[PDB]
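Q: Mind folding the following:
(one chain, ligands or ions: 3)
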Amino acid sequence: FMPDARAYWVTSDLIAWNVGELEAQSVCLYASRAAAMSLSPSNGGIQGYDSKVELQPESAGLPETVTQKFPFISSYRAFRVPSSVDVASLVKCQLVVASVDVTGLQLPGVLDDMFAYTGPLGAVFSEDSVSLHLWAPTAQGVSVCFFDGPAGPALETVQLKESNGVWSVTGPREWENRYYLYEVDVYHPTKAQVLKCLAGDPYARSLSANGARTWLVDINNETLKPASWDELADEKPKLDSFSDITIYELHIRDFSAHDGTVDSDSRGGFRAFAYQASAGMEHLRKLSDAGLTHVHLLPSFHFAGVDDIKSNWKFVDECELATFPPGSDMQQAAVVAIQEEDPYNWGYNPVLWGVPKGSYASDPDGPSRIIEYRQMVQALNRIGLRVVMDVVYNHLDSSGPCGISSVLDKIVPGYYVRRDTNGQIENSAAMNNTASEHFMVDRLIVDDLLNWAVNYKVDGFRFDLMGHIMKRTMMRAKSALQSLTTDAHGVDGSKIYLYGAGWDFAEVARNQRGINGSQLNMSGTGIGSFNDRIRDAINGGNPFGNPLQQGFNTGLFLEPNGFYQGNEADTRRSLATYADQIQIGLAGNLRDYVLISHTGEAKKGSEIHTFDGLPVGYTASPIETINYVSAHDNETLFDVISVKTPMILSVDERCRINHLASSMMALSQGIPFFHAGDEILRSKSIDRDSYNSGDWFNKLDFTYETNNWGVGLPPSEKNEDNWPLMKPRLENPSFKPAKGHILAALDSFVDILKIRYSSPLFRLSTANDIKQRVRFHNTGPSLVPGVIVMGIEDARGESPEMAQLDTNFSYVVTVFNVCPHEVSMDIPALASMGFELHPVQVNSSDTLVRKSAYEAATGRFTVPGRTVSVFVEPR
Ligand SMILES: OC[C@H]1O[C@H](OC[C@H]2O[C@H](O[C@H]3[C@H](O)[C@@H](O)[C@@H](O[C@H]4[C@H](O)[C@@H](O)[C@@H](OC[C@H]5O[C@H](O[C@H]6[C@H](O)[C@@H](O)[C@@H](O[C@H]7[C@H](O)[C@@H](O)[C@@H](O)O[C@@H]7CO)O[C@@H]6CO)[C@H](O)[C@@H](O)[C@@H]5O)O[C@@H]4CO)O[C@@H]3CO)[C@H](O)[C@@H](O)[C@@H]2O)[C@H](O)[C@@H](O)[C@@H]1O
Ligand SMILES: [Ca+2]
Ligand SMILES: [Cl-]
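A: Numbering: from 1, shown residues only. Ligands and ions are numbered 1, 2, ... in the order given. Dropping the coordinates below:
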């Protein structure tokens with residue numbers, strides 16, 4: 001007996017099932033505590049039930065609270081559960097409804113309706129006691145098993161007692177620092193059995209290696225605090241406004257795995273950040289000094305895919321691999337052979353959200369993972385950088401009753417995970433999608449954010465697959481986080497910044513599970529989202545399409561690569577269309593910003609469309625826009641440029657193209673986002689998805705001797721289809737930059753950041769300011785192809801119609817020239833003004849940009865090939 005689950009128990013007194021009018025006259029609910037039911041032979045009824053009860057059809061249908069919470073079942077027929085039913089008892093049983101047509105029940109609705117709980121969860125410490133609280137309303141029994149030590153035998157089991165769906169027990173203070181697991185007896189739909197499950201605590205704050213046991217630690221214990229921890233708020237980098245944010249996206253292992261200036265034993269993890277004089281930390285300091293404000297760290301909570309036990313780690317022979325040819329498939333074969341047992345994974349495989357990853361700690365048992373995480377945050381803050389966590393609330397690594405990697409779904413099966421209309425777990429996020437639409441999932445997400453903000457003094461959060469998270473969850477979290485104060489909680493919540501990837505697809509599209517955290521839905525929330533429009537317009541095509549499809553900054557029309565993309569008029573128009581999209585992005589990607597489009601017609605950002613016919617500009621404020629051309633996913637900036645541009649371009653030319661891309665981000669309105677390595681030409685040898693490609697393909701070289709281009713074809717699983725285009729490029733010596741190119745890229749990246757932070761005009765705080773002050777000057781059907789001219793006005797003259805934002809400059813004009821030749825852009829509207837080359841560029845180590853000039857009589861800005869030139873009018 002293994003029924004599916006097409007019916008829903010939505011409230012205490014209502015069941016929803018999508019059956020006909022006649023079938024609805026003979027529906028009954030059946031329960032068995034021992035899960036002993038079966039179909040009778042004859043198939044004319046259900047057998048082996050403890051109880052059977054008729055469900056009368058509810059003529060009215062489902063009420064508004066239900067259909068609002070579960071829109072996708074809004075047309076289902078409703079069935080009344082009689083008051084005689086003991087609902088608390090039945091939800092602990094195997095349940096079916098039947099009329100022959102038999103099916104199980106999806107219980108989250110009723111579980112929330114009856115057992116939504118706002119009291120203490122996890123471990124609570126008092127002077128004389130420790131208490132444990134676990135929400136498990138469908139469980140038949142819960143005990144706790146204590147171990148002395150991470151590896152020793154069970155010393156004691158203690159029974160918990162349930163009240164209102166929550167199991168609790170109180171013990172003596174000596175329980176502190178024991179290890180434990182819950183023994184949970186609960187009905188698992190996937191096995192149609194009541195099973196004894198050994199599960200960690202969803203509210204865990206520490207763990208033994210691999211989360212095998214939960215450490216009963218008091219997170220407020222003084223010995224877990226680095227020196228001066230409680231004074232960190234006072235030491236944190238000032239942040240006057242979210243409009244001043246720039247973001248640098250970095251993986252913890254990539255940072256220090258190859259860094260010879262860090263002690264061998266401390267490479268790859270949290271402790272590497274404590275080495276202030278390391279090549280890695282000096283690099284971050286250099287960026288921080290230039291203006292960089294935030295470092296976004298890839299997943300650093302307890303995730304699966306890396307063993308916490310370091311003695312199990314495997315490594316390639318780097319000497320041997322370095323001997324292989326640049327376009328060989330031997331390197332990736334060697335990497336792939338041990339990729340399941342190496343120290344490496346991006347970490348998008350969540351197990352327990354509230355605990356630091358053990359593999360990044362010096363010792364995965366005991367306190368090191370806590371103290372060292374704090375030491376990392378403190379160290380970054382002390383070189384002027386705020387810390388953002390990549391949070392992955394949208395899915396779980398594992399589900400079901402078995403395995404070290406399943407926790408949430410062991411305890412309350414079928415509740416923390418989202419399911420389809422047959423009861424099967426939804427997998428669009430990767431696998432085991434969460435259901436933040438359910439009350440205790442929403443609670444756990446918000447509680448977890450608060451844990452990181454308060455216990456670890458984390459400064460911001462990037463939400464992975466934010467479109468899989470309910471908007472209500474996002475906003476409840478935002479308000480909870482930003483109301484934290486130093487007096488009450490030791491952190492200034494007003495400065496905590498939230499952003500995410502609001503992709504809208506699969507089961508959450510069209511608000512089918514509720515209003516989800518999509519790009520369009522988060523407009524007006526003040527929560528940032530990644531602008532994929534500017535990314536794709538600059539680079540060309542998209543990460544799923546033909547890799548050779550060119551864009552504004554990879555030679556579309558201007559420098560064709562030989563891949564057929566239409567006639568000359570078609571490519572010229574496509575280039576101009578991408579330029580429109582970029583300019584909307586450069587002005588904060590706003591709904592209402594008015595641009596003269598490539599046809600000459602004035603259009604709002606929302607009126608310029610993507611291929612799906614959706615607005616390019618979709619935000620209400622520049623702080624809702626995260627502008628980027630690169631991130632951990634897909635090809636690195638250096639790699640996408642190396643693929644899309646004409647093969648005959650020199651590496652020197654490509655280096656200028658890299659700078660153009662990062663400069664478009666760095667001088668944009670909204671919040672610029674950089675992938676770690678943009679600034680040093682980082683390559684993964686064209687790996688399109690390097691999550692499991694090891695240290696070999698993900699190398700971050702802070703000696704600057706290499707950029708990791710030409711270290712073999714990348715791993716076959718994600719890349720083999722494109723090996724034919726990769727091989728000749730990786731093999732060509734002219735594609736590979738030397739140290740000189742890498743250092744040059746870094747110097748110009750530093751300079752463009754200095755420029756951003758030299759004027760408040762690049763960082764306007766509201767849409768009104770952008771609409772009033774930002775103008776583009778190379779527009780319409782006769783625009784000069786390959787040039788964007790962006791002017792930003794400040795108060796000038798006597799009694800001006802705007803506030804003076806800039807004490808040094810009354811006007812800024814930025815010319816982005818992607819043409820492989822000098823251009824002269826005449827802007828007679830800006831004639832007879834006091835424009836000069838920005839002082840940073842006058843003193844640039846790049847000789848080419850110094851040649852940029854302005855002619856007053858004509859308003860002519862002369863800009864060399866493949867250059868971004870910034871002109872200022874001094875006060
Ligand atoms: O074999 C069992 C196996 O089990 C374990 O492994 C589990 C899984 O591991 C691997 O999965 C991992 C991925 O490989 C990793 O890349 C990583 O993926 C996550 C990313 O890091 C996250 O950032 C995020 O990314 C999702 C998605 O976002 C982006 O795509 C956007 C795009 O940018 C937008 O423009 C837009 O595009 C659309 C466009 O707008 C439309 O017009 C139209 O064209 O359609 C476009 C979309 O089609 O929207 C898209 C999104 O729709 C980004 O560009 C893209 O690259 C990215 O994919 O979330 C990612 C998913 O989690 O982490 C994964 C999990 O670790 C394997 O690949 C899986 O198969 C495997 O199951 C265990 O570890 C193993 O040991 C074990 O063997
Ligand atoms: Ca791996
Ligand atoms: Cl070869």
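Q: ranges for the helices of the stretch 651-800 of the chain?
A: In the stretch 651-800 of the chain, the segments counted as helices under DSSP state H, counting those that start in this stretch are 651-666, 694-698, 716-719, 723-731, 739-756, 767-773.
Q: no, scratch that, I was asking about the stretch 351-500 of the chain
A: Taking DSSP H, counting those that start in this stretch as the criterion, the stretch 351-500 of the chain contains helices spanning 368-382, 408-411, 439-455, 471-482, 486-489.
Q: closest one to ligand 3 among those helices?
A: Ligand 3 lies closest to helix 368-382 among the helices of the stretch 351-500 of the chain, at 40.7 Å (C-beta to the ion). From N, CA and C alone the C-beta is placed, and that goes for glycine too.
Q: quick check: angle from the closest one to helix 439-455?
A: Taking axes from the mean of the first three to the mean of the last three C-alpha atoms, to 10 degrees, one finds helix 368-382 and helix 439-455 inclined to each other by 60 degrees.
Q: Give the other helices and strands that helix 368-382 contacts.
A: helix 232-235, strand 350-356, strand 386-391 (3 or more C-beta pairs under 8 Å, 6 or more residues apart in numbering; DSSP states H and E).
Q: about what we covered before: closest one to ligand 3 among the helices of the stretch 651-800 of the chain?
A: Proximity of these to ligand 3 was assessed by C-beta to the ion; the nearest stretch is helix 723-731, lying at 7.4 Å.
Q: same for the closest one, what does it pack against?
A: helix 637-644.
Q: ok now the helix it packs on, how far from the chain's centre?
A: Centroid separation between helix 637-644 and its chain, computed with C-alpha atoms, centre = their mean, to the nearest Å, is 23 Å.
Q: CA atoms of it as PDB?
A: Output of helix 637-644 as PDB, limited to C-alpha atoms (Å, rounded to 0.1, in the frame of the first residue of the first chain):
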ATOM      1  CA  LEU A 637      34.300  37.600 -17.400                       C
ATOM      2  CA  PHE A 638      37.700  36.900 -18.900                       C
ATOM      3  CA  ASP A 639      36.400  33.600 -20.300                       C
ATOM      4  CA  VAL A 640      33.200  34.900 -21.900                       C
ATOM      5  CA  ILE A 641      35.200  37.700 -23.600                       C
ATOM      6  CA  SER A 642      37.800  35.100 -24.800                       C
ATOM      7  CA  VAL A 643      35.000  33.000 -26.300                       C
ATOM      8  CA  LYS A 644      32.800  35.700 -27.900                       C
END
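Q: Domain parsing of the protein, as residue ranges.
A: The chain is divided into the following domains under curated CATH domains: 1-113, 114-218, 219-798, 799-875.
Q: and among those domains, the most buried is which?
A: domain 219-798 (a mean of 20; mean count of other C-beta atoms under 10 Å).
Q: before we move on, the earlier item: can you add distance to ligand 3 and give the helices of the stretch 351-500 of the chain back as JSON lines?
A: Below are these laid out as JSON lines (distance: least, C-beta to the ion, whole Å):
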{"stretch": "helix 368-382", "distance to ligand 3": "41"}
{"stretch": "helix 408-411", "distance to ligand 3": "46"}
{"stretch": "helix 439-455", "distance to ligand 3": "46"}
{"stretch": "helix 471-482", "distance to ligand 3": "49"}
{"stretch": "helix 486-489", "distance to ligand 3": "58"}
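Q: now the ones you listed as TSV including distance to residue 669?
A: Below are the helices of the stretch 351-500 of the chain laid out as TSV (distance: least, C-beta to C-beta, whole Å):
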stretch	distance to residue 669
helix 368-382	26
helix 408-411	40
helix 439-455	28
helix 471-482	22
helix 486-489	31
